[PDB]
Amino acid sequence: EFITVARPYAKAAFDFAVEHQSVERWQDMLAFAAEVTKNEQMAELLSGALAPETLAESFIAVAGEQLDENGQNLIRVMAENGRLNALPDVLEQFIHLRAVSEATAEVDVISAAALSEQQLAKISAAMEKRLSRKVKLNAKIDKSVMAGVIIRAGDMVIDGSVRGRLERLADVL
Amino acid sequence: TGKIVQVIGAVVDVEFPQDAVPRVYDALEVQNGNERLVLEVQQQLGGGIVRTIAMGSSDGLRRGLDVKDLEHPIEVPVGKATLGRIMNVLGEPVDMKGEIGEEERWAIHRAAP
Amino acid sequence: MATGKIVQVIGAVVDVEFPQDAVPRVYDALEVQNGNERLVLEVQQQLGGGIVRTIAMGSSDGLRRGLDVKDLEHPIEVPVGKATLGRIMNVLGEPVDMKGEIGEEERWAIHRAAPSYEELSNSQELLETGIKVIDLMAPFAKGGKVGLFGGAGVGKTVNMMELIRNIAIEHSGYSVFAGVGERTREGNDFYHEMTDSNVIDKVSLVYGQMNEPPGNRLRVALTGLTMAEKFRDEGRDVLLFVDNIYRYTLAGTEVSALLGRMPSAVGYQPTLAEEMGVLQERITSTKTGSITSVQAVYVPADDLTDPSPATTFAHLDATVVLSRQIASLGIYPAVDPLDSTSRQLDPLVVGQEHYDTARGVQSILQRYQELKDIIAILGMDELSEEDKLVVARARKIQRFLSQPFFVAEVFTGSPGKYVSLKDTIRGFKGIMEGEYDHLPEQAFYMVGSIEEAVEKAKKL
Amino acid sequence: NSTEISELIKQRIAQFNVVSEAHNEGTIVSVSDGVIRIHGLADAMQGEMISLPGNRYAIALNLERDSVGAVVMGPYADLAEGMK
Ligand SMILES: Nc1ncnc2c1ncn2[C@@H]1O[C@H](COP(=O)(O)OP(=O)(O)O)[C@@H](O)[C@H]1O
Ligand SMILES: [Mg+2]
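Residues numbered from 1 in each chain as written, not as in the entry; some residues may be left out. Chains lettered and ligands numbered in written order. Part of a larger assembly, values for the part shown. Heavy atoms only, no water. Residues with missing side-chain atoms left out of burial classes, pairs and counts.

**Concerning the overall build of chain B**
Helix and strand content of chain B: zero helices and eight strands. The N-to-C order of helical and strand elements in chain B reads β-β-β-β-β-β-β-β. The principal-axis extent of the C-alpha atoms belonging to chain B is close to 45 × 35 × 20 Å. Burial statistics for chain B: of 113 residues in total, 35% are counted as buried. Counted over contacts in chain B with a minimum sequence separation of 6, partners at least 24 positions apart contribute 49%. Of the roughly 7000 Å² of accessible surface on chain B, 51% is carried by carbon and sulfur atoms. Counting 12 positive and 18 negative side-chain charges, chain B places the averaged centre of each group 2 Å from the other. (Helix = DSSP H or I, 4+ residues; strand = E, 2+ residues; numbered from the N terminus. Buried < 20%, exposed > 50% of the residue type's maximum accessible area, 1.4 Å probe, protein only. Contact = heavy atoms within 4.5 Å. Areas by Shrake-Rupley, 256 points an atom, 1.4 Å probe, with all protein chains shown as cover. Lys, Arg positive; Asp, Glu negative; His and termini not counted. Charge placed at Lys NZ, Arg CZ, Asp CG, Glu CD.)

**Topic: the side chain of C:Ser342**
All names here are of chain C. Within the element layout of this structure, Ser342 appears in strand β16 (residues 341-342). With a relative accessible area of 11%, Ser342 lands in the buried category. Within the structure, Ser342 has its side chain in polar contact with the side chain of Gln344 (distance 3.1 Å). In contact with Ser342, other than residues within four places in its own chain, are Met137, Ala138, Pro139, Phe140, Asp317 and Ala318. (Polar contact = N/O pair within 3.5 Å; in protein donor to acceptor, adjacent residues only side chain to side chain.)

**Looking at the site of ligand 1**
All names here are of chain C. All residues in the neighbourhood of ligand 1 are listed as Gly153, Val154, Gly155, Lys156, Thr157, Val158, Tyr332, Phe405, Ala408 and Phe411. Note that an oxygen atom of ligand 1 is positioned 3.2 Å from one of the backbone N or O atoms of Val154. At a separation of 2.6 Å, an oxygen atom of ligand 1 approaches a polar backbone atom of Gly155. Sort the elements by how many residues they give to the shell around ligand 1 and helix α2 (residues 156-170) lands first, with three residues. Partitioning the shell around ligand 1 into residue classes produces six nonpolar, three polar and one charged. Here the shell around ligand 1 gathers at least three residues from each of two domains, domain 2 (78-342) and domain 3 (352-458). (Near = heavy atom within 4 Å. Nonpolar A, V, L, I, M, F, W, Y, C, P; charged D, E, K, R; others polar. Domains from an automatic or database assignment.)

**Some points on the interface of chain C and chain D**
Tallying the contact residues gives 13 residues for chain C and 14 residues for chain D. Of the roughly 1100 Å² buried at the junction of chain C and chain D (both faces included), carbon and sulfur atoms supply 40%. Viewed at the interface, chain D and chain C are joined by one salt bridge. Residue D:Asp43 pairs with C:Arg64 through a salt bridge whose shortest N-O separation is 3.3 Å. Viewed at the interface, chain D and chain C are joined by eight residue pairs in polar contact. (Buried area = accessible area lost by both parts, 1.4 Å probe. Salt bridge = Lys/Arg side-chain N within 4 Å of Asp/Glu carboxyl O.)

**Some words on the sheet that holds strand β4 (residues 138-141) of chain A**
Residues and elements named next belong to chain A. Spatial ordering of the open sheet is given by β4-β2-β5-β6, a layout of four strands whose pairing is mixed. Two strands in the sheet have a free side with no partner beyond their single neighbour: β4 and β6 (156-159). Strand-to-strand, the axes of this sheet are offset by a mean angle of 15 degrees, without reference to chain direction. Sheet topology places strand β2 (residues 108-111) next to β4; four bridges connect them, and they run parallel. Bridge pairing links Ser111 to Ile141 in β4. (Pairing = 2+ DSSP bridges. Axes fitted to C-alpha atoms, helices over the stretch in contact; angles between N-to-C directions.)

**Here's the deal with the nonpolar core**
A general feature of soluble globular proteins is that nonpolar side chains tend to end up buried together. Residues and elements named next belong to chain C. One finds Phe177, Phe190, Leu205, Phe428, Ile431 and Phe444 to be the most contacted residues of the largest nonpolar core, which totals 66 residues. In terms of residue count, helix α9 (residues 352-378) provides more of this core than any other element does, seven residues in total. Split by domain, this core shows at least three residues from each of two domains, domain 2 (78-342) and domain 3 (352-458). Every residue in contact with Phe444, bar those within four places of it in the chain, is listed here: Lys396, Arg399, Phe400, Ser402, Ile431, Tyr436, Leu439, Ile450 and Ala453. In terms of nonpolar packing, the next biggest core, distinct from the first, is built from 40 residues, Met57, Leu92, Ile102 and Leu259 among them. (Core = buried A, V, L, I, M, F, W, Y, C linked by side-chain atoms within 4.5 Å.)

See below:
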């Protein structure tokens, strides 16, 4: 695991994407590079002791659908230091950075039954007012909740499931 | 053919092509300004980079200098010629007399009997 | 089905990668086929995404990267009960005596918590032993811990064999012997001795020897404690003999660095105190049953300053300190009467007479030690006549501490002696009061009661 | 385009004709002071004897991830990178 390695390259990439008005393109290009990172035979090549420049060219060759500024240079700079496995991490970092700048929160909810649109709309507005962002709710129908809902906004969470209240009363007892 | 990539005190890192890397005790020669310096290989690192020891002063060495790969270890004169003379580690004459008239030179890395 | 794969084999430490759901938890067991050999791994750390770092309970040789691993969802579990009596077992509770299956009714996990504070039971039921100096300087009670401290070759094993003979035979309850890091020959000799004496039917034996990889030497003590605690929970009084606590700590030290830990003061692991405490707080006498334990403690370089003996001093009721100095001088057992003590040596717990006798002996020998160098450099006749009387009585007392053992009969060529506590008190009281001032020094050397001293004096 | 793009990567990698190390084979990637590092060699046991060029043999003592650390039994100044 190399989150901290991904943060420098991810900051460089994101800071560059807003200088050239192509955040939406940069995100999918980073996804493209991550898919290259996932390949079995490419992974063996990455495990080899090739020199960084020739390894970077072997990597570039399978990713011709990349721009000069974005792909050919970031791949080679990462290859100089062997941090190509950080591409998967850079992608997630890049998404979070974007969500910060655009004042958005990917608030996640879980429910024992499907919510009506009015209920979901009230929850959306209520979290936009609890927070200071445009929320984007996504729901999952899990019977483990038994009833009530879960609301997660990253690290923060609000639990309204009856299972939580049941076991809370059990711990009060 | 190769280039210096690091200079750390007495040791120097040199990069060679992936198919033209010198052996573990081969000798290299570099031009430090107007004078020539001899480097001796110690370790083969990954990617064609080798660690070397400088047989001389290391000051003045810029990175990015080109090197020549000699295809033999350090060899010194031996025998009747080296019998009244003062000599350096590389087998060069140190007294201000002329050259050593040797018929044979031996590599200094040999095996015990 | 198999669920994990090996990714690193560094020395004795193995890393296994699992799916990020259902990762094995700490102190679990895992299984892998090392060729035809079934090999058990014990999980020690949950680290990174889906990876656990483990210790092999067997030889790590023959392992390849990419081998499948099957995760058993329980810790290492061992047979417990009457079926373990009279059988030799390894760390995993597998028979190594070639008598067949154990035949157990119940199996118990070797990792378990210590008794709660209110479960503890207080006891002052003094045990009597035949050894003079131990009963005099450090008497101990049923349900307590005893530790025999000593350097290399000072008499730990001989004393423990003598104590087994003296205590266990009168004891009617079951006993457990945990051979932590023992020499193979001495384990075989112990097994055959018990088999001949017909006391093997009430002893359970767990042996993890010097040749085995570090995990076995690390966990064999816990196996022994598990068996002893089964007997304790049945309500019986148990005798637990542990051959070396030192090599439990040392088996920890060998693998500590490979687990990613930063080294401690003297190269030990950073977790020495906790690793000692978790093991040694389980060896207690609760209200349901009592465990009485005797432990042999190695002293590196014969220096009691080392952290291992230093920390294990703080865990024991009675500590018999053997010294290489007294062993080199030829006095056997080599107990140091000035250093050895017991917390049962109270005028309330023991006879008031007993307490005064012990205090007087210690005072006299302490006074001799300061005069040793004085006399050595300046001469015997520089002393006052009272000082010369004190010197005489000191040498006689320091002879009377010696004793022949039944199990130390092969080394010396003499019969073994057993002395009752009352006789020991009477003899030392007589010596200090001067009733035997006129006997020579050897009249007290290597004898039993003081009546035997006067008999040998007549022969002298 | 998950399936499409993964197929695209597969076909370009196959057309490039790059290939995995064969199991029970590897390449030396570092030689230093009688100790060598080897890439590949998946089916390598700890304590196994690995055959070097020549009749020399090496003991594989350390099985790291993406590397095998071995000790040369004899003179080592003749070895280099790229050796199978
Ligand atoms: N009471 C004794 N009588 C005679 N010899 C002894 C006595 N105690 C120790 N020794 C001698 O010292 C040796 C070393 O002590 P031992 O107990 O065998 O190992 P350790 O002391 O290291 O556990 C014994 O094997 C024996 O030779
Ligand atoms: Mg011993």
